[PDB]
Amino acid sequence: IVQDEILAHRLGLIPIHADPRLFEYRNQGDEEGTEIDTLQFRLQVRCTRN
Amino acid sequence: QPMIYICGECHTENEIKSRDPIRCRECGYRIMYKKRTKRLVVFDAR
Amino acid sequence: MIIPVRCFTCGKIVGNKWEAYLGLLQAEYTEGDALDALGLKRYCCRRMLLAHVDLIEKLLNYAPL
Amino acid sequence: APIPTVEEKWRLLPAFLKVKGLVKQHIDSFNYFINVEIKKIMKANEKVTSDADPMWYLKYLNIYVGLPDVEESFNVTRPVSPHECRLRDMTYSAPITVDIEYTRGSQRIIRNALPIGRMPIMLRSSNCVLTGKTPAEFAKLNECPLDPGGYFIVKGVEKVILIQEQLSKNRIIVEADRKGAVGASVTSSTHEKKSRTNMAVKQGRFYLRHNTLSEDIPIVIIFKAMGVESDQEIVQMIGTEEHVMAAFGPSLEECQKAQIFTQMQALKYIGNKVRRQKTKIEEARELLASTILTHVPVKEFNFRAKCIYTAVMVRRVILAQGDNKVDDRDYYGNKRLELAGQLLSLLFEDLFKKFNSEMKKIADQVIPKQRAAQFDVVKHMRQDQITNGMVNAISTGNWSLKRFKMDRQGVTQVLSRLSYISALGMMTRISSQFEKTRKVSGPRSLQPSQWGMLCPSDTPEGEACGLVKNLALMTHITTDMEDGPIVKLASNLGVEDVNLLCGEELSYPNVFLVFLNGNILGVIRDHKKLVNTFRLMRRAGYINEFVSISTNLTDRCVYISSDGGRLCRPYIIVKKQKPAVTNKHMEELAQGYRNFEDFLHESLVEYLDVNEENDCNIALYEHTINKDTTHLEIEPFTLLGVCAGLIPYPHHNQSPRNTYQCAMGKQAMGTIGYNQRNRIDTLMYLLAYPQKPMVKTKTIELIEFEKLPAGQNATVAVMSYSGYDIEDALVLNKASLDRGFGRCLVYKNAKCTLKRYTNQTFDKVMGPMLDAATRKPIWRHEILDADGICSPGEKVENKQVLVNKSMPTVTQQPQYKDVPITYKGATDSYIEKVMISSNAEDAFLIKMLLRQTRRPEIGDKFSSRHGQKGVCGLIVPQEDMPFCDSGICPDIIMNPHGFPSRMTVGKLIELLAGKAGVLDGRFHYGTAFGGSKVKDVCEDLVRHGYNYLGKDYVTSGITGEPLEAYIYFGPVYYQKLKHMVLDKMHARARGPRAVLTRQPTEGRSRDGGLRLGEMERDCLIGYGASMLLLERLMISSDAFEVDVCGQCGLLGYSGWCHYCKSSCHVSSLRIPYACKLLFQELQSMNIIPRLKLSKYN
Amino acid sequence: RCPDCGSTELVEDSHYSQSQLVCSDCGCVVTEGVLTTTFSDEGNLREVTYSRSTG
Amino acid sequence: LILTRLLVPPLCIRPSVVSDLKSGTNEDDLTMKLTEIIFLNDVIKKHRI
Ligand SMILES: [Zn+2]
Ligand SMILES: [Zn+2]
Ligand SMILES: [Zn+2]
Ligand SMILES: [Zn+2]
């Protein structure tokens, strides 16, 4: 029911315990991301009756 | 091509073709929504 | 609709202290002592938690499901 | 020794709201219409017959409305929820059926169930499916439990019938004319005819003017025509005062000038003055008996009551001819409020009369010549007549009643779904009868009669200021009574018959006239005893509590009002300096021993009308109660309406500020209801994280606004910063907007219809036109699914199709042309849902709900719940915001300079109360004429270690040095308005033009350009810029090149003059296209402009 | 088509509140501006059918 | 000053809208007035004959 944009905004505000000194700034563009300057978090939740 | 829809009260996946009377089995409601797409969509956290 | 994660003024994490606050509402604690025990010294987080209305369940009651 | 005060007295207010209040008025009116009034209307026209072929008739027995159903199924009814009617763009109505008996071939045939129409069912009514339901059952029906209801749903749109305001009927009005003559007027309106008759003193004598007379005739001639022929009796009826006779002398002299001395001569004179529609004498007598003064009834051609009435009118005119005691029209004691019930009753009566006339005409046309096959009405009972009439009258809003000659417009209006407060306030609106006919400024003013009845501050800012009003929080509208026991009690209370005595007793100082709805009930002596006994009998319960009684000592008239539409207000009865309501009664009410009806029955609280409260003494508080007190005010903050109740501490602010705050709250952004997600409207504004206010009024708790807030509480600091908040502007924090503050959602609707035409062809949706080069759909058809309909979840850009609609061009192979629904939008939109429905016409209705998530930026309008509307001037980062010792940075910085000119101390009080509340974890109250005091919040501040005045030590974030003056920090409930810069930003290229005049269009949605009005032309003339004006109004707007012939001066084409059949004198000329259109129109009007061209040298 | 090169790849694309025909190869327009009726006159204009306007 | 011929204006003053959504069109009031005038002329001629 929560909107997709509102969900993305709420997820963006969630802090990450990753050490920022071990990463680098992503260059202009490059939406695919590289191993050095990105992290991936998977969230898959399927609600069902008990 | 199997086109799928969702009723308004039972919320069951119903397959209907073109030029069919909009209805649903095991009920009589006439509000038929379309399921969400499967294509990838990119959102910005800004 | 739902409790925001960040505070508007400062930005302290407050979304994780909502349901627990509700627990403090299920207990005998009042509003002020509960907001004090949650660790909210500044009044901005107190306003964020106290003035928030829980409308997510009212919408889920109208959800398709 | 202070008088004891009942603290829980305000508890009388919610209990009343349990049976009456905001939305119960229209609900009760619609219930009375569909349960009682409709049966009376059916009984009034129960039998209808035709003149030809006698012994034939159609007799109605009983009419039912039933439950709301939908005719979607084939000849089958099915219960349908109002939300389904909103989705399917249909009407929410119930089938009106009736049982009848008729004669086909002289054999009486009876019908027990025959549908005749469809009546739209008001929501939350008696027959509505929403009543008697629990919030869980409301969720099962996709309806908000907090929805006020009371509005009709027609063709998918929500229409509300505003409360109409009009002048009271059957009342003498003494007013000055254009030339200063103080005359009288009476608009006698019965159930059949309405006639306004006037009386003037233009030439020292009283002339009576009516629409049925050729020329105004003297009043003495009418007196002689109405039975009384002696002049002495006429003078005694007019008055026995010396000035009265001195004023009436000229009339007697003018009457004696003519030879009119008997009733027959006067009737002959009137008949000679009667306009065409002894016969003249009979027509004059009929006009005097029935047409003139319809409200005054004559038993059997006995004009005694009418004679007394016109004599009292002449006496009032004579008394008003001296001291200027002219009655005012804006006095609300003489106003009447028509709800939706009376309007629907009149409309149903008119429609039923039209249906009966049509049936009688069809019978007269069919029965006498058709065949031996006996004609019956059932074969011609048109069921769509009443249905279409109701649907059109509710949707279009124009009401044309030819039987009453009533032509009204704007009766129904589209319900505003901007917010919950918007709809809750629009539901209790009241329009004026004037409807902006003239800037009188009289009715537009705030009259003292609106006390406790209508909200003083709540009024739309603009051209409709003063003509559109809102009801108070605690008010009620009365209905019509039987008027029988009133007459019985009046006759039994010693009121002597007016026919028993002459008019001379009307001139006595101690004899007081008693009236009844404008009709002379009689005379009485010692009216104090009469009024006291009537009030005591009404309190006892033998007389209806809504029957009002008033006394006018200036005119010495006792008015007894029992008609509907009058405004009444509950008041606690005070007897001998002590109110009847004590603490024990309030404790019993709180515990549930009694209700408001028990207070009404036990002579504790009674309803007072404006005319009745005009003579009574009301006390605001217990300490104000004196010896001469009759009633006590329940609660003062009930004076404000619904919107004005949102204002925290409104008695500390200015009245224009409160008006602007109400106007902006009617446009405030916020949640609508619990079913706002399934709701699909053409435009909806929602807030991401709505928060309830910290300083909430008791009215907010009454209307349950805290469950559906329309704003957010932000830490506002009142200071000047960077000079980007010069005039009403405000500075917003970048980090606050980044963390979700002010985030809003805009939901738009895109509807498409696939209907079947007369021919056996239908509109079909083609699949996505895949590009053969890449085997993928084109950029325009990218968002379309396999069925050609856009799927939810994707983003829509400009110039993209949502439904690939194609329609045939025939209405042998069908030829389909594409008419896709393209998305016009500057920014991208996301599809939330796509609903596909099917009506009875096999037309597929497809509704896409586009969603846009918008962030506050420069140009967004914000309010602060105090009329301090502002625009975001600059968005500074968090580090640039000042910080206190605790480290809190403000979200909104507002200009302090707006405080002195507007005197908004209520904003400071609300800020202090909110700060104290967020410090101690409480919710302070901003109740009008009360609430939390300043001392309490100051003690709360000093207890928690903060300053007792809100000002705190603040260090500047830019320079890092402390400020010389302390900054006023505190939580303020700011609300965002629907006025966005993104929707208001407009730019116009060359673009399209209009067909008639080749100029850009008007509206922004029509891709229109700006208009350089007359004032802009005046400014450009004053500047003297001739070339700029020429470029703007000629070159860039409607430039064109025409061909003018130098011989005849007419306009040619392609360098050729058809008039002279030559082309040597034809020359090109630059001209505005509007000028050429004007020249052509003038040539069409035989006004031929002959242009004599010449060289520019 | 294109007046200079002869390319027939003309595409209808909506400009900033402006409709025109332009070729995707040379970017040259062949017809710009469109004439549309206003709703101010639409409510004033009355309807005429073929049968009544033929007899 | 006494008219015997009526000047019907061009179509630029009388815009015509093709409403394909229904079985009809959109023509201004001047067209209807001229139609009524021609109808009255024809009726007068028929009564004279
Ligand atoms: Zn179903
Ligand atoms: Zn905080
Ligand atoms: Zn010429
Ligand atoms: Zn080219």
# chains A, B, ... in the order shown; residues from 1 in each chain; ligands from 1
>>> residues_near_ligand(ligand="ligand 3", cutoff="9 Å", atoms="only C-alpha atoms and all ligand atoms", output="MDAnalysis selection string")
chainID D and resid 1044:1052 1056:1063 1065:1066
>>> residues_near_ligand(ligand="ligand 2", cutoff="9 Å", atoms="only C-alpha atoms and all ligand atoms", output="ChimeraX atom specification")
/C:6-14,40,42-48 /D:888
>>> select_by_dssp(residues="chain F", states="alpha helix (DSSP H)", output="ChimeraX atom specification")
/F:29-48
>>> interface_residues(of="chain E", to="chain D", cutoff="12 Å", atoms="only C-alpha atoms", output="number ranges by chain")
E: 12-20, 32-42, 45
>>> write_last_selection(atoms="C-alpha atoms", output="PDB file, in the first residue's frame")
ATOM      1  CA  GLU E  12       4.388  14.447 -35.728  1.00  0.00           C
ATOM      2  CA  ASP E  13       5.901  15.508 -32.398  1.00  0.00           C
ATOM      3  CA  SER E  14       4.451  17.906 -29.839  1.00  0.00           C
ATOM      4  CA  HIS E  15       6.672  20.919 -29.160  1.00  0.00           C
ATOM      5  CA  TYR E  16       6.326  23.293 -26.210  1.00  0.00           C
ATOM      6  CA  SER E  17       2.547  23.745 -26.648  1.00  0.00           C
ATOM      7  CA  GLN E  18       2.956  23.707 -30.446  1.00  0.00           C
ATOM      8  CA  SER E  19       2.175  21.115 -33.129  1.00  0.00           C
ATOM      9  CA  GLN E  20       4.166  20.870 -36.360  1.00  0.00           C
ATOM     10  CA  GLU E  32       3.848  24.481 -38.489  1.00  0.00           C
ATOM     11  CA  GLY E  33       0.922  25.718 -36.432  1.00  0.00           C
ATOM     12  CA  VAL E  34      -2.539  24.186 -36.043  1.00  0.00           C
ATOM     13  CA  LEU E  35      -5.987  25.780 -35.866  1.00  0.00           C
ATOM     14  CA  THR E  36      -8.267  24.472 -33.113  1.00  0.00           C
ATOM     15  CA  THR E  37     -11.656  25.606 -31.852  1.00  0.00           C
ATOM     16  CA  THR E  38     -12.127  27.237 -28.453  1.00  0.00           C
ATOM     17  CA  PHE E  39     -14.537  25.952 -25.817  1.00  0.00           C
ATOM     18  CA  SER E  40     -15.782  29.529 -25.432  1.00  0.00           C
ATOM     19  CA  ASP E  41     -17.413  29.102 -28.857  1.00  0.00           C
ATOM     20  CA  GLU E  42     -18.060  25.358 -28.513  1.00  0.00           C
ATOM     21  CA  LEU E  45     -22.328  26.622 -31.494  1.00  0.00           C
TER      22      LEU E  45
END
>>> closest_atom_pairs(of="chain A", to="chain D", cutoff="10 Å", atoms="only C-alpha atoms", output="tab-separated table")
residue	atom	partner	partner_atom	distance
A:1	CA	D:677	CA	8.1
A:2	CA	D:688	CA	9.9
A:3	CA	D:832	CA	8.3
A:4	CA	D:793	CA	8.4
A:5	CA	D:853	CA	6.7
A:6	CA	D:688	CA	7.5
A:9	CA	D:740	CA	7.8
A:10	CA	D:740	CA	8.4
A:12	CA	D:739	CA	9.3
A:13	CA	D:739	CA	7.1
>>> write_last_selection(atoms="N, CA, C and O atoms", output="short mmCIF file (atom, residue, chain, number, x, y, z; two decimals), in the first residue's frame")
data_model
loop_
_atom_site.label_atom_id
_atom_site.label_comp_id
_atom_site.auth_asym_id
_atom_site.auth_seq_id
_atom_site.Cartn_x
_atom_site.Cartn_y
_atom_site.Cartn_z
N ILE A 1 0.83 -1.20 0.00
CA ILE A 1 0.00 0.00 0.00
C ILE A 1 0.87 1.25 0.00
O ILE A 1 0.51 2.27 -0.60
N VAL A 2 2.03 1.19 0.66
CA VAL A 2 2.95 2.32 0.67
C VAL A 2 3.43 2.58 -0.75
O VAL A 2 3.75 1.65 -1.50
N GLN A 3 3.47 3.86 -1.13
CA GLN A 3 3.87 4.23 -2.47
C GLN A 3 5.32 3.83 -2.74
O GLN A 3 6.15 3.72 -1.83
N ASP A 4 5.63 3.62 -4.03
CA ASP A 4 6.97 3.21 -4.41
C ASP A 4 7.98 4.32 -4.15
O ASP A 4 9.09 4.07 -3.65
N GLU A 5 7.62 5.57 -4.47
CA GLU A 5 8.53 6.68 -4.22
C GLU A 5 8.72 6.91 -2.73
O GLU A 5 9.83 7.17 -2.27
N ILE A 6 7.63 6.81 -1.95
CA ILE A 6 7.75 6.96 -0.50
C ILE A 6 8.58 5.82 0.08
O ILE A 6 9.37 6.02 1.00
N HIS A 9 12.17 6.60 -0.66
CA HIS A 9 12.63 7.68 0.21
C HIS A 9 12.89 7.18 1.63
O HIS A 9 13.85 7.61 2.27
N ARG A 10 12.03 6.28 2.12
CA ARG A 10 12.25 5.72 3.45
C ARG A 10 13.48 4.83 3.48
O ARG A 10 14.24 4.82 4.46
N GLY A 12 16.09 5.19 1.58
CA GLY A 12 17.27 6.03 1.46
C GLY A 12 17.70 6.62 2.79
O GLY A 12 18.89 6.84 3.03
N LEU A 13 16.74 6.87 3.68
CA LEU A 13 17.06 7.43 4.99
C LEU A 13 17.64 6.41 5.96
O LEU A 13 18.14 6.80 7.02
#
>>> residues_near_ligand(ligand="ligand 4", cutoff="8 Å", atoms="only C-alpha atoms and all ligand atoms", output="NGL selection string")
:E and (2-7 or 23 or 25-28)
>>> write_last_selection(atoms="N, CA, C and O atoms", output="PDB file, in the first residue's frame")
ATOM      1  N   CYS E   2      10.125  15.874 -47.711  1.00  0.00           N
ATOM      2  CA  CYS E   2      11.126  16.929 -47.616  1.00  0.00           C
ATOM      3  C   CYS E   2      11.182  17.705 -48.928  1.00  0.00           C
ATOM      4  O   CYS E   2      11.251  17.095 -50.001  1.00  0.00           O
ATOM      5  N   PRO E   3      11.153  19.039 -48.889  1.00  0.00           N
ATOM      6  CA  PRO E   3      11.192  19.798 -50.147  1.00  0.00           C
ATOM      7  C   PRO E   3      12.557  19.794 -50.812  1.00  0.00           C
ATOM      8  O   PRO E   3      12.632  19.905 -52.041  1.00  0.00           O
ATOM      9  N   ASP E   4      13.637  19.668 -50.041  1.00  0.00           N
ATOM     10  CA  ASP E   4      14.986  19.725 -50.599  1.00  0.00           C
ATOM     11  C   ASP E   4      15.513  18.334 -50.942  1.00  0.00           C
ATOM     12  O   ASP E   4      15.877  18.067 -52.091  1.00  0.00           O
ATOM     13  N   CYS E   5      15.556  17.437 -49.955  1.00  0.00           N
ATOM     14  CA  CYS E   5      16.122  16.111 -50.171  1.00  0.00           C
ATOM     15  C   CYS E   5      15.094  15.095 -50.648  1.00  0.00           C
ATOM     16  O   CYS E   5      15.477  14.088 -51.255  1.00  0.00           O
ATOM     17  N   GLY E   6      13.808  15.325 -50.389  1.00  0.00           N
ATOM     18  CA  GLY E   6      12.776  14.391 -50.784  1.00  0.00           C
ATOM     19  C   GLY E   6      12.494  13.282 -49.794  1.00  0.00           C
ATOM     20  O   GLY E   6      11.754  12.349 -50.133  1.00  0.00           O
ATOM     21  N   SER E   7      13.055  13.348 -48.590  1.00  0.00           N
ATOM     22  CA  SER E   7      12.809  12.318 -47.591  1.00  0.00           C
ATOM     23  C   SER E   7      11.378  12.415 -47.075  1.00  0.00           C
ATOM     24  O   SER E   7      10.912  13.496 -46.704  1.00  0.00           O
ATOM     25  N   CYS E  23      10.811  16.671 -40.525  1.00  0.00           N
ATOM     26  CA  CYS E  23      11.497  15.470 -40.977  1.00  0.00           C
ATOM     27  C   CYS E  23      12.648  15.142 -40.035  1.00  0.00           C
ATOM     28  O   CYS E  23      13.346  16.042 -39.556  1.00  0.00           O
ATOM     29  N   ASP E  25      15.375  13.596 -40.783  1.00  0.00           N
ATOM     30  CA  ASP E  25      16.679  13.544 -41.432  1.00  0.00           C
ATOM     31  C   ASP E  25      17.355  14.910 -41.461  1.00  0.00           C
ATOM     32  O   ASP E  25      18.508  15.042 -41.038  1.00  0.00           O
ATOM     33  N   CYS E  26      16.659  15.936 -41.950  1.00  0.00           N
ATOM     34  CA  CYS E  26      17.230  17.271 -42.060  1.00  0.00           C
ATOM     35  C   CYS E  26      16.664  18.258 -41.050  1.00  0.00           C
ATOM     36  O   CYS E  26      17.111  19.410 -41.017  1.00  0.00           O
ATOM     37  N   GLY E  27      15.700  17.848 -40.229  1.00  0.00           N
ATOM     38  CA  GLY E  27      15.145  18.733 -39.223  1.00  0.00           C
ATOM     39  C   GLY E  27      14.386  19.920 -39.769  1.00  0.00           C
ATOM     40  O   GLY E  27      14.146  20.880 -39.034  1.00  0.00           O
ATOM     41  N   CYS E  28      13.992  19.883 -41.038  1.00  0.00           N
ATOM     42  CA  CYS E  28      13.262  20.983 -41.651  1.00  0.00           C
ATOM     43  C   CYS E  28      11.760  20.746 -41.550  1.00  0.00           C
ATOM     44  O   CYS E  28      11.273  19.641 -41.806  1.00  0.00           O
TER      45      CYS E  28
END
>>> residues_around(residues="region 910-912 of chain D", least_positions_apart="2", cutoff="9 Å", atoms="only C-alpha atoms", output="list in words")
residues 648, 649, 694, 695, 716, 905, 906, 907, 908, 914, 915, 916, 917, 924, 925, 926, 934, 937, 938, 941, 948, 949, 950, 969, 970, 971, 972 and 973 of chain D
>>> residues_near_ligand(ligand="ligand 1", cutoff="7 Å", atoms="only C-alpha atoms and all ligand atoms", output="ChimeraX atom specification")
/B:7-12,24-29
>>> write_last_selection(atoms="N, CA, C and O atoms", output="compact mmCIF listing (two decimals), in the first residue's frame")
# COMPACT_ATOMS: atom_id res chain seq x y z
N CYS B 7 -10.06 -9.13 -9.58
CA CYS B 7 -11.36 -8.60 -9.20
C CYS B 7 -11.23 -7.68 -7.98
O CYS B 7 -10.15 -7.53 -7.39
N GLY B 8 -12.35 -7.07 -7.60
CA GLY B 8 -12.33 -6.08 -6.54
C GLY B 8 -12.63 -6.61 -5.16
O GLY B 8 -12.28 -5.95 -4.17
N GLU B 9 -13.26 -7.77 -5.06
CA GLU B 9 -13.61 -8.30 -3.74
C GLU B 9 -12.97 -9.65 -3.44
O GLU B 9 -12.52 -9.86 -2.31
N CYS B 10 -12.91 -10.56 -4.42
CA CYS B 10 -12.29 -11.85 -4.17
C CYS B 10 -10.79 -11.81 -4.42
O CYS B 10 -10.03 -12.59 -3.82
N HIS B 11 -10.34 -10.90 -5.29
CA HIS B 11 -8.92 -10.71 -5.59
C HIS B 11 -8.29 -11.98 -6.14
O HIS B 11 -7.22 -12.42 -5.70
N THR B 12 -8.95 -12.59 -7.13
CA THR B 12 -8.47 -13.79 -7.78
C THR B 12 -8.02 -13.47 -9.20
O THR B 12 -8.59 -12.59 -9.86
N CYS B 24 -16.51 -11.78 -12.91
CA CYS B 24 -15.57 -12.63 -12.19
C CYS B 24 -16.31 -13.85 -11.66
O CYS B 24 -17.49 -13.76 -11.30
N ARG B 25 -15.61 -14.98 -11.62
CA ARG B 25 -16.21 -16.21 -11.14
C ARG B 25 -16.47 -16.14 -9.64
O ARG B 25 -15.92 -15.29 -8.94
N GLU B 26 -17.35 -17.03 -9.17
CA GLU B 26 -17.73 -17.18 -7.76
C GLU B 26 -18.19 -15.87 -7.12
O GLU B 26 -18.30 -15.77 -5.89
N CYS B 27 -18.51 -14.86 -7.93
CA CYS B 27 -19.01 -13.59 -7.44
C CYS B 27 -19.68 -12.85 -8.60
O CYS B 27 -19.88 -13.42 -9.68
N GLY B 28 -20.02 -11.59 -8.38
CA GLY B 28 -20.67 -10.79 -9.40
C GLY B 28 -20.15 -9.37 -9.49
O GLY B 28 -20.78 -8.52 -10.13
N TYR B 29 -19.01 -9.11 -8.87
CA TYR B 29 -18.43 -7.77 -8.90
C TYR B 29 -17.91 -7.45 -10.29
O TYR B 29 -17.46 -8.33 -11.03
>>> select_by_dssp(residues="chain F", states="strand (DSSP E)", output="mmCIF file with N, CA, C and O atoms, in the first residue's frame")
data_model
loop_
_atom_site.group_PDB
_atom_site.id
_atom_site.type_symbol
_atom_site.label_atom_id
_atom_site.label_comp_id
_atom_site.auth_asym_id
_atom_site.auth_seq_id
_atom_site.Cartn_x
_atom_site.Cartn_y
_atom_site.Cartn_z
ATOM 1 N N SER F 16 -17.096 26.097 -38.179
ATOM 2 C CA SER F 16 -17.791 24.817 -38.154
ATOM 3 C C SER F 16 -16.891 23.769 -37.516
ATOM 4 O O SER F 16 -15.754 23.571 -37.956
ATOM 5 N N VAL F 17 -17.401 23.104 -36.482
ATOM 6 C CA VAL F 17 -16.656 22.089 -35.744
ATOM 7 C C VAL F 17 -17.260 20.729 -36.065
ATOM 8 O O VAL F 17 -18.479 20.542 -35.956
ATOM 9 N N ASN F 26 -21.138 21.296 -34.992
ATOM 10 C CA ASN F 26 -21.225 22.527 -34.214
ATOM 11 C C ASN F 26 -21.150 23.724 -35.152
ATOM 12 O O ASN F 26 -20.101 23.983 -35.758
ATOM 13 N N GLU F 27 -22.268 24.438 -35.276
ATOM 14 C CA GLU F 27 -22.392 25.622 -36.112
ATOM 15 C C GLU F 27 -22.929 26.780 -35.280
ATOM 16 O O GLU F 27 -23.759 26.589 -34.385
#
>>> interface_residues(of="chain C", to="chain A", cutoff="12 Å", atoms="only C-alpha atoms", output="MDAnalysis selection string")
chainID C and resid 1:8 11:16 55:65
>>> atom_distance(atom1="CA of residue 752 (chain D)", atom2="CA of residue 87 (chain D)")
12.8 Å
>>> closest_atom_pairs(of="chain F", to="chain D", cutoff="6 Å", atoms="only C-alpha atoms", output="Markdown table")
| residue | atom | partner | partner_atom | distance |
| --- | --- | --- | --- | --- |
| F:7 | CA | D:1084 | CA | 5.4 |
| F:9 | CA | D:1084 | CA | 5.9 |
| F:13 | CA | D:996 | CA | 6.0 |
>>> interface_residues(of="chain E", to="chain F", cutoff="7 Å", atoms="only C-alpha atoms", output="PyMOL selection string")
chain E and resi 44-49
